[PDB]
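Only one chain comes next, encoded as structure tokens, the form deposited without ligand LA8.
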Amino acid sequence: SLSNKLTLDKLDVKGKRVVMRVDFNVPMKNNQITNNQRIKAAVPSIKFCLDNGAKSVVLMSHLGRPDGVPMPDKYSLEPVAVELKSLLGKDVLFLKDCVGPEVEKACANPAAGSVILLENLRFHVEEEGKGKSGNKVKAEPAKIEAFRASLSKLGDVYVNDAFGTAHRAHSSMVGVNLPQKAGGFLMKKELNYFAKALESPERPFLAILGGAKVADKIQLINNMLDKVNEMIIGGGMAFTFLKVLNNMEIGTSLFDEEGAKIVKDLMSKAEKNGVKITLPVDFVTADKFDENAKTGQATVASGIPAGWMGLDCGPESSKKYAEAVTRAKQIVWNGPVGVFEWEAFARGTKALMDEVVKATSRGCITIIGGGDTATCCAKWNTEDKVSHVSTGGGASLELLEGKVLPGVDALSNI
């Protein structure tokens, strides 16, 4: 189902006004652009619209956590419009707002081929439906409707290329009421790879799940147990498993008291569905949860001593993970297996990444989830050595958990 939605390439844009939700949430300081990866990513869609004779391309986006209070001093899209101007090679009109009669007059009938960028959408509480020196404060249904009609007035067709926000029922996500709502090329990529993963995956299908807590991932694991042939359970999660399944001593490591109660239920579902579960067997320990702490080594047989904590897996665990990855024809990896921000505890994640790169090289379908694992793909420069790297963490997680995305659902079928 995720595949049969309308995309930009199947849309007719010649002579129409295109209003397009992009992902320009580039988090950098001094109002100078240090990493414009997302801007470069959103370029092919704008260029398609321009090179197919569109009258205008209007771009709405967000940046920061302002919670619906105008913060133009600190979180303004202005420098982006400069960056974009270079990457497009074309003038881009920056407007000081994204709604109202002035913006509506600006976008009513612009010159042929104009590119316009609106001010941050999250200056308004009506985008997210709730916000905040004003503390937490809400929105008003009539005002949300007015905001949505104002965005709807800005173009003849709508394009959504903001996958990372597609799990939020926000006004820019579901409140543009135009006859055709298409998905941009980033959207098309995401929906293709994840519909293949969730609907008809190559087999054997492997899921690699890491994280710090078991309780928030239950449904994830649960849904992943209806899909896959193998599961690797790594990261801080695993100790909660090992303390419960094998009575392992874990030292000062993360323990999920709630998730400890459902560990055996998940193993029971895995046994009922015939899923092979791979947990770590050795560990790199630390004296404290710090970057420059003393290190050590432990095994499931030895246990972790008191006062120390496990922050990464060891070489034998890497061998077992590589066994699992070697058997796989499709892989989905969400969440690293160690504290990769700190070089002393990034060895397991790096080794698993190398194994996934080789698997890709010999024909595996390797999808990397948003969040920290995409950050790993960027930190070791391997985005071009895997099949797919998702652009959104929460959205991809909610797709994996089996949920329907409000922004995706709001696209036109056929």
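Residue numbers run from 1 along the displayed sequence.
Unmodelled residues of the deposited sequence between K132 and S133: 1 to 3. The mean Cα B-factor in the deposited entry runs higher for 33-41 than for the other of 33-41 and 361-369.
When the two stretches 161-169 and 283-291 are set side by side, the higher mean Cα temperature factor goes to 283-291.
The entry lists C-alpha B-factors for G234, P204, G184, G307, and the highest of these is at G307. When the C-alpha B-factors of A106, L88, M224, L151 are read from the PDB record, the largest value belongs to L88. Looking at the C-alpha B-factors along this chain, the one for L6 belongs to the middle third.
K188: CA B factor lies in the middle third for its chain, per the PDB record. When the modelled residues of the chain are ordered by their C-alpha B factor, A142 lands in the highest third. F345 sits in the lowest third of its chain by CA B factor, as recorded in the PDB entry. In the PDB entry, a CA B factor belonging to the highest third of its chain's modelled residues is recorded for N120.
The same protein also has a form deposited with ligand LA8 bound, omitted here; what follows describes it.
Between ligand LA8 and the residues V339, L206, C98, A182, the one pair within 4.5 Å by heavy atoms in the deposited complex involves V339.
Site annotation in the deposited complex: the residue of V244, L254, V275, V281 reaching within 4.5 Å of ligand LA8 with a heavy atom is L254. For the three residues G68, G131 and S172, a heavy atom within 4.5 Å of ligand LA8 turns up in the deposited complex in no case. You can rule out all but one of 330-338, 101-109, 73-81, 151-159: in the deposited complex, only 330-338 has residues with a heavy atom within 4.5 Å of ligand LA8. Ligand LA8 is not drawn, but in the deposited complex it has no heavy atom within 4.5 Å of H124. In the deposited complex, no heavy atom of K319 sits within 4.5 Å of ligand LA8. At the 4.5 Å threshold, heavy atoms of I232 stay clear of ligand LA8 in the deposited complex, well away from it.
Within this chain, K213 lines the site of ligand LA8 in the deposited complex, having a heavy atom no more than 4.5 Å away.
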